[PDB]
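K.L.:
Taken in sequence, the protein lines are chains o and B.
Count the first sequence with the authors' numbering and you get residues 3 to 124, in order.
Count the second sequence with the authors' numbering and you get residues 2 to 52, in order.
Here it is, the structure in full.
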Amino acid sequence: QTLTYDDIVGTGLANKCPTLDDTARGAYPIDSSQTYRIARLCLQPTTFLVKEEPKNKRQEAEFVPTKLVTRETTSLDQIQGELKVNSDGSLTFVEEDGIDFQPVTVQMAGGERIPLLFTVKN
Amino acid sequence: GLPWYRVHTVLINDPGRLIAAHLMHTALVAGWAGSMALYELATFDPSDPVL
Ligand code: CLA
Ligand code: CLA
Ligand code: CLA
Ligand code: CLA
Ligand SMILES: CCCCCCCCCCCCCCCC(=O)OC[C@H](COP(=O)(O)OC[C@@H](O)CO)OC(=O)CCCCCCCCCCCCCCC
Ligand SMILES: CC1=C(/C=C/C(C)=C/C=C/C(C)=C/C=C/C=C(C)/C=C/C=C(C)/C=C/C2=C(C)CCCC2(C)C)C(C)(C)CCC1
Ligand SMILES: CC1=C(/C=C/C(C)=C/C=C/C(C)=C/C=C/C=C(C)/C=C/C=C(C)/C=C/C2=C(C)CCCC2(C)C)C(C)(C)CCC1
Numbered sequence: 003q004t005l006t007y008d009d010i011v012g013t014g015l016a017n018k019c020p021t022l023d024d025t026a027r028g029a030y031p032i033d034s035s036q037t038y039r040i041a042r043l044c045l046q047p048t049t050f051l052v053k054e055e056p057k058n059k060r061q062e063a064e065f066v067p068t069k070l071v072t073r074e075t076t077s078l079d080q081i082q083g084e085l086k087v088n089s090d091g092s093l094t095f096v097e098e099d100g101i102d103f104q105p106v107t108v109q110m111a112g113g114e115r116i117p118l119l120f121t122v123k124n
Numbered sequence: 002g003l004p005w006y007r008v009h010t011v012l013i014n015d016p017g018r019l020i021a022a023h024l025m026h027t028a029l030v031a032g033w034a035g036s037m038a039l040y041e042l043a044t045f046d047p048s049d050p051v052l
C-alpha cells in the first residue's frame with residue numbers, strides 16, 4: 003500500500019522493486035502517433051553467476067554460482083528515459099538518468115572475490 | 002640410576018600414570034592429524050581433479 007520511510011527502514015525492502023498482482027496479465031496499447039517514457043525503471047538482481055576459467059585442456063567453462071557479500075545494496079532504480087515508437091513499430095527505450103549502477107562483490111568457491119559494476123548505463 | 006633407554010619403565014606398576022602417558026600419546030596423535038590436515042588444506046589446489 004502507501005507505506006512510508008519509517009515503515010520500511012532497516013527491513014531490506016528498500017532494495018526490492020515493486021511488484022504486480024498474479025492477475026495483472028493485461029496489455030498496454032501503443033498509440034504510434036504518441037510519445038512515451040519510462041517514468042521509473044527498477045532492476046533487482048537475484049542471482050550472480052561467474053564464468054569459470056577452464057584449464058588449458060578446457061572442454062567448456064560454465065557459469066558457477068556465487069555468494070553475495072555486500073548486502074542489500076545491489077538494485078538499480080529510479081531510471082528514466084524515453085520510450086520511442088520506431089517506424090517498423092518496435093519500441094526502443096533510451097536511458098537518460100537514474101541510479102543506474104551498483105558496485106557488487108560476490109565470492110566464488112575457494113574464496114576468490116569478484117567485484118563488478120552492475121550497471122545499465124546508457 | 003636408570004639408563005636413558007629405560008626411563009619409561011616407571012609406568013609398569015603405576016596404572017594411572019600409564020593411563021596418563023597413553024592419553025598424552027593419543028593427544029599427540031590426534032594433534033598431528035589436525036595439523037597435517039590444515040597444512041594440506043593450506044596447500045591443496047582443488048581447481049583440476051583431472052590433471
Ligand atoms: C609420547 C611421548 C612421551 C611421553 C608421554 C613421555 C612420558 C614420560 N617421560 Mg619420556 N621421553 C620422550 C617422550 C615421551 N615421554 C622422548 C621423545 C624422549 C627423548 C627426549 C623422552 C625422554 C625422557 C627422559 C629423559 C625422562 C622421561 C621421563 C618421563 C616421565 C615424566 C615426564 C618427564 O620428565 O618428561 C621429560 C620428557 C620431555 C620433556 C619430552 C621433551 C620432548 C619435546 C616435547 C620434543 C619437542 C621438540 C621440539 C619442540 C621440536 C619442534 C619442531 C621443530 C621443527 C622446531 C613420563 C613417564 C622422565 C622419567 O620419569 O624418568 C624416569 C625422564 O627422566 N622421558
Ligand atoms: C607400542 C610400542 C611400544 C611400547 C609401548 C614400548 C615400551 C617400552 N619399550 Mg619397546 N620397543 C618397541 C615398541 C614399544 N616399546 C619397538 C617397535 C622396538 C623396536 C625398535 C622396541 C625396542 C625396545 C628396546 C630395545 C628396549 C625397549 C624398552 C622399552 C621400555 C623402556 C623404553 C624407554 O624408556 O624408552 C626411552 C627412549 C628414549 C628416551 C628416546 C628414544 C628416541 C628414539 C630412538 C627416537 C624417537 C622417535 C620419535 C619419538 C617418534 C616416535 C616413533 C614413531 C614410531 C611414531 C618400555 C616398556 C627398553 C627395555 O626393555 O627396558 C626394560 C629397551 O631396552 N623397547
Ligand atoms: C567400563 C569399561 C571400559 C571401557 C568402556 C574402557 C574404554 C577404554 N579403555 Mg579400558 N579399562 C577398563 C574398563 C573400560 N575401558 C577397566 C575395568 C580397566 C582396568 C582398571 C581398564 C584399563 C584401561 C587402561 C589401563 C587403558 C584403557 C584404555 C581405554 C581406552 C582405549 C581407547 C582410547 O583411548 O580411545 C581414544 C579415546 C577417545 C576417542 C576418547 C573417548 C572418550 C571416552 C568417551 C571417555 C570420556 C570420559 C570418561 C568418563 C572416561 C572413563 C571412560 C572409561 C575408559 C572408564 C578406551 C576408552 C587406555 C586409555 O585410557 O587410553 C588412553 C589405557 O591405557 N583401559
Ligand atoms: C600404530 C601406530 C603407532 C605406534 C604403535 C606408536 C608407538 C610408539 N610411539 Mg607413537 N606416534 C604415532 C603412531 C604410533 N606410535 C603417530 C601416528 C604419531 C604422530 C606422528 C606418533 C607420535 C609419537 C610421538 C611424538 C612419540 C611417540 C612415541 C611412541 C612410543 C612410546 C613408547 C616408548 O617409550 O617407546 C620406546 C621407544 C622405542 C621403542 C623406539 C622405537 C622406534 C620407532 C620404531 C621409530 C624408529 C626410529 C625412528 C624412525 C628414527 C627417527 C629419526 C628422525 C628423527 C630423523 C611407541 C613406540 C614416543 C616415543 O618414542 O617416546 C620415546 C614419542 O615421543 N609417538
Ligand atoms: C620427538 C623427537 C625427540 C627425539 C629424541 C632424540 C633421540 C634421543 C637420544 C638418542 C641418542 C642415543 C645415543 C646413546 C648412546 C650411548 O649412550 O651409548 C652408551 C650406552 C651405555 O649404557 P650402559 O648400559 O652402560 O648405561 C650407562 C647409562 O649412563 C646410560 O644412560 O649404551 C647404550 O645406550 C646402548 C646403545 C649403544 C648405542 C651405540 C652407539 C655407539 C655408536 C658409536 C659409533 C658411531 C659411528 C662411528 C663409526 C663409523
Ligand atoms: C590445549 C587445549 C586446546 C588446544 C589444543 C591444541 C592447540 C592442540 C595442538 C596439538 C597439535 C598441534 C599437535 C600436533 C602434534 C604433532 C606431532 C606430535 C608430530 C609428530 C612428529 C613426528 C613424530 C615426526 C617424526 C619424523 C620426523 C620429524 C622426520 C621424518 C621421520 C619421522 C616421521 C620419524 C583446546 C582449546 C582444544 C581445548 C583446551 C585445551
Ligand atoms: C586452564 C587454564 C589455562 C590452560 C592452558 C593450557 C591447557 C594451554 C595448553 C597449551 C598447549 C597444549 C600447547 C600446545 C602447543 C603445541 C605446539 C607448540 C605444537 C606445535 C606443532 C607443530 C610444530 C606441528 C607441525 C606440523 C605438523 C606436525 C604436521 C603438519 C605440518 C606442520 C609442520 C605444521 C590457561 C593457562 C590458559 C590459564 C587459564 C586457566
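The C-beta atom is built at its ideal place from N, Cα and C for all residues, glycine as well.
Between o:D99, o:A26, o:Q109 and o:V87, which has its C-alpha nearest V122 (chain o)'s C-alpha?
P.N.:
Here the question's residue 122 (chain o) lines up with position 120 in the first sequence. Selected option, being the one with the closest Cα: o:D99.
K.L.:
For a contact meaning CB atoms closer than 7 Å, what does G112 (chain o) contact in chain B?
P.N.:
Sequence index remark: in the first sequence, residue 112 (chain o) carries index 110 (1-based). In chain order: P47.
K.L.:
Can you tell me where the beta strand (DSSP E) with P67 (chain o) in it begins and where it stops?
P.N.:
For this step, residue 67 (chain o) is matched to residue 65 along the first sequence. Element bounds for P67 (chain o): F65 to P67.
K.L.:
Is there a Cβ from chain B that is less than 8 Å from the Cβ of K57 (chain o)?
P.N.:
One-based indexing of the first sequence puts residue 57 (chain o) at position 55. Yes, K57 (chain o) lies at the interface with chain B (some Cβ there is under 8 Å from its Cβ).
K.L.:
Among all residues, which have a Cβ less than 7 Å from at least one non-hydrogen atom of ligand 2, and in what chain order do they fall?
P.N.:
Going by the Cβ distance cut-off, the answer is B:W5, B:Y6, B:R7, B:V8, B:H9, B:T10 and B:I13.
K.L.:
Using 8 Å as the threshold, is the segment 4 to 21 of chain B in touch with the segment 108 to 119 of chain o, meaning 3 or more CB pairs across them?
P.N.:
No, the segment 4 to 21 of chain B does not touch the segment 108 to 119 of chain o.
K.L.:
Buried or exposed for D49 (chain B), please, with buried defined as at least 16 other CB atoms from any protein chain shown within 10 angstroms of its CB.
P.N.:
For the purposes of this step, residue 49 (chain B) is identified with residue 48 of the second sequence, where counting begins at 1. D49 (chain B) should be labelled exposed.
K.L.:
Using 8 Å as the cut-off, can you tell me whether the segment 59 to 76 of chain o makes contact with the segment 12 to 29 of chain o, which would need three or more C-beta pairs spanning the two stretches below that distance?
P.N.:
Segments in contact, yes.
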